[PDB]
Amino acid sequence: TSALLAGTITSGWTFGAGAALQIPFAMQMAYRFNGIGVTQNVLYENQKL
Amino acid sequence: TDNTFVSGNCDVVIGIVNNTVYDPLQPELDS
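One line per chain: the protein sequences are A and B, in this order. Per the UniProt record's numbering, the very first residue in the first sequence carries number 874; after that it's consecutive. Per the UniProt record's numbering, the very first residue in the second sequence carries number 1117; after that it's consecutive.
Written out as C-alpha cells, the structure is:
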C-alpha cells in the first residue's frame, strides 16, 4: 500500500497506466477537479482552506 | 488566450509565475 500511495501522491494517476510520471499535488487536485466537472480555479483560490 | 482563461489574481495562487500571455487579436490591431 505504501508503493501505491507514493505513486498516488507524487505521480498522480499515471503510475498505473505505465511508468511513474510525477506531477505536483497542487496540479493533481486541480486536474481531478476537471474529471468531476469542477473548474480548477476553485482549488487555488481556497488552497489554504 | 484561446488556451488559457482569466480567473482570479496573483496574490492567492501559491507558486504563480510571471510570463507574457500571447494574444492572437494583438497583431490584428497593428494593421
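The beta carbon of each residue, even a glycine, is placed where N, CA and C say it ideally should be.
Under the Cβ distance rule, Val1128 (chain B) counts among the residues neighbouring chain A, one pair being separated by less than 8 Å. The Cβ of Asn914 (chain A) sits closer than 8 Å to at least one Cβ of chain B. If you draw a straight line from the Cα of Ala876 (chain A) to the Cα of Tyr904 (chain A), it is about 22 Å long. Exclusion of the five residues before and after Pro1140 (chain B) leaves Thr1117, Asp1118 as the residues of its chain whose Cβ lies within less than 8 Å of its Cβ.
For the pair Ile1130 (chain B) and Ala899 (chain A), the CB atoms are nearer than the 8 Å cut-off. Burial state of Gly885 (chain A) is buried, judged by a 10 Å Cβ sphere holding 16 or more other Cβ atoms. If the five residues before and after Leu894 (chain A) are omitted, its C-beta is found closer than 8 Å to the C-beta atoms of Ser884, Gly885, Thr887, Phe888, all from its own chain and listed in chain order.
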